[PDB]
Amino acid sequence: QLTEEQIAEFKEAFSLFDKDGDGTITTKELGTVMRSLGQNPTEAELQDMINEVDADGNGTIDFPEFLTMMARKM
Ligand SMILES: C[As](C)(=O)[O-]
Ligand SMILES: [Zn+2]
Ligand SMILES: [Zn+2]
């Protein structure tokens, strides 16, 4: 299970790139969020993630979908 500390850190790193504070980021900023967490995904691995959290291809990711995908990755 994710810990409270993991959820809080995932939230904080995401929020660094949510400039308008509405709980969404662009798919182009997902790698920057992951690197902010000290991870180093490949472009490949980023594409697979974007495939899970931006199924419709609108180029946005909300925090709930980011968090469950990370739960699955961790
Ligand atoms: C009003 As908007 C598309 O910048 O969240
Ligand atoms: Zn917005
Ligand atoms: Zn959503």
# chains A, B, ... in the order shown; residues from 1 in each chain; ligands from 1

call {"tool": "select_by_dssp", "arguments": {"residues": "chain A", "states": "strand (DSSP E)", "output": "PyMOL selection string"}}
result
chain A and resi 24-26+60-62

call {"tool": "closest_atom_pairs", "arguments": {"of": "chain A", "to": "ligand 1", "cutoff": "8 Å", "atoms": "only C-alpha atoms and all ligand atoms", "output": "CSV"}}
result
residue,atom,partner,partner_atom_place_in_ligand_line,distance
A:20,CA,ligand 1,4 (O),6.8
A:22,CA,ligand 1,5 (O),6.7
A:24,CA,ligand 1,5 (O),7.3

call {"tool": "write_last_selection", "arguments": {"atoms": "N, CA, C and O atoms", "output": "compact mmCIF listing (two decimals), in the first residue's frame"}}
result
# COMPACT_ATOMS: atom_id res chain seq x y z
N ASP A 20 -1.80 26.53 -12.19
CA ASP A 20 -3.05 27.23 -11.74
C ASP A 20 -3.72 26.58 -10.55
O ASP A 20 -4.79 26.95 -10.05
N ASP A 22 -5.20 23.74 -10.02
CA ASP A 22 -6.50 23.11 -10.16
C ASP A 22 -6.42 21.59 -10.18
O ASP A 22 -7.43 20.90 -10.46
N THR A 24 -4.41 19.69 -12.07
CA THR A 24 -4.00 19.09 -13.33
C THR A 24 -2.67 19.68 -13.79
O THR A 24 -2.36 20.81 -13.43

call {"tool": "residues_around", "arguments": {"residues": "residue 54 in chain A", "least_positions_apart": "5", "cutoff": "12 Å", "atoms": "only C-alpha atoms", "output": "MDAnalysis selection string"}}
result
chainID A and resid 24:28 30 46:49 59:66 69

call {"tool": "write_last_selection", "arguments": {"atoms": "N, CA and C atoms", "output": "PDB file, in the first residue's frame"}}
result
ATOM      1  N   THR A  24      -4.412  19.688 -12.068  1.00  0.00           N
ATOM      2  CA  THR A  24      -4.000  19.095 -13.333  1.00  0.00           C
ATOM      3  C   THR A  24      -2.668  19.681 -13.792  1.00  0.00           C
ATOM      4  N   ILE A  25      -1.965  18.809 -14.536  1.00  0.00           N
ATOM      5  CA  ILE A  25      -0.734  19.217 -15.210  1.00  0.00           C
ATOM      6  C   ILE A  25      -0.824  18.804 -16.684  1.00  0.00           C
ATOM      7  N   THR A  26       0.150  19.238 -17.479  1.00  0.00           N
ATOM      8  CA  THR A  26       0.210  18.759 -18.857  1.00  0.00           C
ATOM      9  C   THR A  26       0.948  17.425 -18.914  1.00  0.00           C
ATOM     10  N   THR A  27       0.613  16.610 -19.937  1.00  0.00           N
ATOM     11  CA  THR A  27       1.364  15.362 -20.115  1.00  0.00           C
ATOM     12  C   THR A  27       2.836  15.677 -20.401  1.00  0.00           C
ATOM     13  N   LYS A  28       3.150  16.833 -21.036  1.00  0.00           N
ATOM     14  CA  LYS A  28       4.548  17.136 -21.303  1.00  0.00           C
ATOM     15  C   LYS A  28       5.358  17.384 -20.042  1.00  0.00           C
ATOM     16  N   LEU A  30       4.901  15.452 -17.219  1.00  0.00           N
ATOM     17  CA  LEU A  30       4.948  14.258 -16.367  1.00  0.00           C
ATOM     18  C   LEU A  30       6.384  13.838 -16.091  1.00  0.00           C
ATOM     19  N   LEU A  46       7.573   6.678 -19.867  1.00  0.00           N
ATOM     20  CA  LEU A  46       6.678   7.840 -19.872  1.00  0.00           C
ATOM     21  C   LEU A  46       5.480   7.677 -20.808  1.00  0.00           C
ATOM     22  N   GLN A  47       5.705   7.211 -22.028  1.00  0.00           N
ATOM     23  CA  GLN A  47       4.603   6.927 -22.963  1.00  0.00           C
ATOM     24  C   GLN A  47       3.562   5.966 -22.435  1.00  0.00           C
ATOM     25  N   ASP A  48       3.979   4.871 -21.817  1.00  0.00           N
ATOM     26  CA  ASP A  48       3.097   3.875 -21.179  1.00  0.00           C
ATOM     27  C   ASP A  48       2.274   4.515 -20.054  1.00  0.00           C
ATOM     28  N   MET A  49       2.923   5.326 -19.221  1.00  0.00           N
ATOM     29  CA  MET A  49       2.205   6.062 -18.195  1.00  0.00           C
ATOM     30  C   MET A  49       1.186   7.021 -18.812  1.00  0.00           C
ATOM     31  N   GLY A  59      -3.885  15.599 -23.475  1.00  0.00           N
ATOM     32  CA  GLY A  59      -2.592  16.207 -23.117  1.00  0.00           C
ATOM     33  C   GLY A  59      -2.576  16.734 -21.688  1.00  0.00           C
ATOM     34  N   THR A  60      -3.524  16.298 -20.847  1.00  0.00           N
ATOM     35  CA  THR A  60      -3.598  16.662 -19.434  1.00  0.00           C
ATOM     36  C   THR A  60      -3.618  15.430 -18.546  1.00  0.00           C
ATOM     37  N   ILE A  61      -3.168  15.610 -17.291  1.00  0.00           N
ATOM     38  CA  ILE A  61      -3.174  14.552 -16.288  1.00  0.00           C
ATOM     39  C   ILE A  61      -3.695  15.144 -14.997  1.00  0.00           C
ATOM     40  N   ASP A  62      -4.715  14.500 -14.420  1.00  0.00           N
ATOM     41  CA  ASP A  62      -5.162  14.975 -13.095  1.00  0.00           C
ATOM     42  C   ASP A  62      -4.484  14.189 -11.986  1.00  0.00           C
ATOM     43  N   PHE A  63      -4.507  14.764 -10.780  1.00  0.00           N
ATOM     44  CA  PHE A  63      -3.793  14.114  -9.676  1.00  0.00           C
ATOM     45  C   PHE A  63      -4.374  12.768  -9.321  1.00  0.00           C
ATOM     46  N   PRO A  64      -5.674  12.551  -9.255  1.00  0.00           N
ATOM     47  CA  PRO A  64      -6.170  11.201  -8.885  1.00  0.00           C
ATOM     48  C   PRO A  64      -5.611  10.100  -9.797  1.00  0.00           C
ATOM     49  N   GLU A  65      -5.593  10.369 -11.108  1.00  0.00           N
ATOM     50  CA  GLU A  65      -5.078   9.345 -12.031  1.00  0.00           C
ATOM     51  C   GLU A  65      -3.557   9.225 -11.910  1.00  0.00           C
ATOM     52  N   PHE A  66      -2.852  10.320 -11.677  1.00  0.00           N
ATOM     53  CA  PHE A  66      -1.394  10.229 -11.449  1.00  0.00           C
ATOM     54  C   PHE A  66      -1.109   9.347 -10.242  1.00  0.00           C
ATOM     55  N   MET A  69      -1.823   5.598 -10.766  1.00  0.00           N
ATOM     56  CA  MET A  69      -0.806   4.948 -11.596  1.00  0.00           C
ATOM     57  C   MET A  69       0.496   4.741 -10.858  1.00  0.00           C
TER      58      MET A  69
END

call {"tool": "atom_distance", "arguments": {"atom1": "CA of residue 71 in chain A", "atom2": "CA of residue 7 in chain A"}}
result
9.0 Å

call {"tool": "closest_residue", "arguments": {"among": "A:52, A:73, A:10, A:31", "to": "ligand 3", "atoms": "only C-alpha atoms and all ligand atoms"}}
result
A:52

call {"tool": "closest_residue", "arguments": {"among": "A:1, A:6, A:51, A:15", "to": "ligand 2", "atoms": "only C-alpha atoms and all ligand atoms"}}
result
A:15

call {"tool": "atom_distance", "arguments": {"atom1": "CA of residue 56 in chain A", "atom2": "CA of residue 19 in chain A"}}
result
22.0 Å

call {"tool": "residues_around", "arguments": {"residues": "residue 2 in chain A", "least_positions_apart": "6", "cutoff": "10 Å", "atoms": "only C-alpha atoms", "output": "PDB file with N, CA, C and O atoms, in the first residue's frame"}}
result
ATOM      1  N   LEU A  67      -1.859   9.548  -9.147  1.00  0.00           N
ATOM      2  CA  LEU A  67      -1.604   8.841  -7.893  1.00  0.00           C
ATOM      3  C   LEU A  67      -1.888   7.337  -8.060  1.00  0.00           C
ATOM      4  O   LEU A  67      -1.071   6.518  -7.618  1.00  0.00           O
ATOM      5  N   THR A  68      -3.015   6.964  -8.671  1.00  0.00           N
ATOM      6  CA  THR A  68      -3.243   5.495  -8.774  1.00  0.00           C
ATOM      7  C   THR A  68      -2.242   4.908  -9.718  1.00  0.00           C
ATOM      8  O   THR A  68      -1.816   3.765  -9.579  1.00  0.00           O
ATOM      9  N   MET A  70       0.845   5.740 -10.025  1.00  0.00           N
ATOM     10  CA  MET A  70       2.052   5.542  -9.220  1.00  0.00           C
ATOM     11  C   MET A  70       1.899   4.395  -8.214  1.00  0.00           C
ATOM     12  O   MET A  70       2.872   3.656  -8.049  1.00  0.00           O
ATOM     13  N   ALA A  71       0.723   4.296  -7.566  1.00  0.00           N
ATOM     14  CA  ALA A  71       0.495   3.180  -6.653  1.00  0.00           C
ATOM     15  C   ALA A  71       0.837   1.885  -7.374  1.00  0.00           C
ATOM     16  O   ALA A  71       1.493   0.979  -6.832  1.00  0.00           O
ATOM     17  N   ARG A  72       0.375   1.821  -8.645  1.00  0.00           N
ATOM     18  CA  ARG A  72       0.577   0.595  -9.405  1.00  0.00           C
ATOM     19  C   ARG A  72       2.062   0.411  -9.689  1.00  0.00           C
ATOM     20  O   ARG A  72       2.555  -0.729  -9.625  1.00  0.00           O
ATOM     21  N   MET A  74       4.711   1.544  -7.857  1.00  0.00           N
ATOM     22  CA  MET A  74       5.429   1.316  -6.603  1.00  0.00           C
ATOM     23  C   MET A  74       5.060  -0.023  -5.956  1.00  0.00           C
ATOM     24  O   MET A  74       4.306  -0.841  -6.489  1.00  0.00           O
TER      25      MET A  74
END

call {"tool": "select_by_dssp", "arguments": {"residues": "chain A", "states": "helix (DSSP H, G or I)", "output": "PyMOL selection string"}}
result
chain A and resi 4-16+27-36+43-53+63-73

call {"tool": "write_last_selection", "arguments": {"atoms": "C-alpha atoms", "output": "mmCIF file, in the first residue's frame"}}
result
data_model
loop_
_atom_site.group_PDB
_atom_site.id
_atom_site.type_symbol
_atom_site.label_atom_id
_atom_site.label_comp_id
_atom_site.auth_asym_id
_atom_site.auth_seq_id
_atom_site.Cartn_x
_atom_site.Cartn_y
_atom_site.Cartn_z
ATOM 1 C CA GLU A 4 0.932 8.738 3.847
ATOM 2 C CA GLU A 5 4.414 10.152 3.274
ATOM 3 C CA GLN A 6 4.448 8.762 -0.282
ATOM 4 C CA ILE A 7 1.048 10.243 -1.059
ATOM 5 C CA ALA A 8 2.097 13.609 0.306
ATOM 6 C CA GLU A 9 5.349 13.609 -1.685
ATOM 7 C CA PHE A 10 3.582 12.595 -4.881
ATOM 8 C CA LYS A 11 1.084 15.421 -4.277
ATOM 9 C CA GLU A 12 3.847 17.989 -3.632
ATOM 10 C CA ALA A 13 5.941 17.091 -6.646
ATOM 11 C CA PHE A 14 2.863 17.117 -8.927
ATOM 12 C CA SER A 15 1.727 20.430 -7.534
ATOM 13 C CA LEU A 16 5.071 22.084 -8.412
ATOM 14 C CA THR A 27 1.364 15.362 -20.115
ATOM 15 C CA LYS A 28 4.548 17.136 -21.303
ATOM 16 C CA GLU A 29 5.392 17.862 -17.611
ATOM 17 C CA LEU A 30 4.948 14.258 -16.367
ATOM 18 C CA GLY A 31 8.670 13.452 -16.849
ATOM 19 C CA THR A 32 9.588 16.624 -14.931
ATOM 20 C CA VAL A 33 7.335 15.536 -12.053
ATOM 21 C CA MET A 34 8.908 12.046 -12.023
ATOM 22 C CA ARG A 35 12.430 13.520 -12.010
ATOM 23 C CA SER A 36 11.364 15.848 -9.179
ATOM 24 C CA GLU A 43 10.628 8.071 -22.781
ATOM 25 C CA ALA A 44 9.164 4.635 -23.292
ATOM 26 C CA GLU A 45 8.084 4.280 -19.737
ATOM 27 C CA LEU A 46 6.678 7.840 -19.872
ATOM 28 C CA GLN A 47 4.603 6.927 -22.963
ATOM 29 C CA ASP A 48 3.097 3.875 -21.179
ATOM 30 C CA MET A 49 2.205 6.062 -18.195
ATOM 31 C CA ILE A 50 0.698 8.740 -20.423
ATOM 32 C CA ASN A 51 -1.264 5.908 -22.060
ATOM 33 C CA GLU A 52 -2.775 5.134 -18.621
ATOM 34 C CA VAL A 53 -3.493 8.631 -17.340
ATOM 35 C CA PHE A 63 -3.793 14.114 -9.676
ATOM 36 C CA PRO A 64 -6.170 11.201 -8.885
ATOM 37 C CA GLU A 65 -5.078 9.345 -12.031
ATOM 38 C CA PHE A 66 -1.394 10.229 -11.449
ATOM 39 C CA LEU A 67 -1.604 8.841 -7.893
ATOM 40 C CA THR A 68 -3.243 5.495 -8.774
ATOM 41 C CA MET A 69 -0.806 4.948 -11.596
ATOM 42 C CA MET A 70 2.052 5.542 -9.220
ATOM 43 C CA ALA A 71 0.495 3.180 -6.653
ATOM 44 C CA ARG A 72 0.577 0.595 -9.405
ATOM 45 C CA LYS A 73 4.228 1.438 -10.282
#

call {"tool": "closest_residue", "arguments": {"among": "A:3, A:17, A:23, A:58", "to": "ligand 2", "atoms": "only C-alpha atoms and all ligand atoms"}}
result
A:23
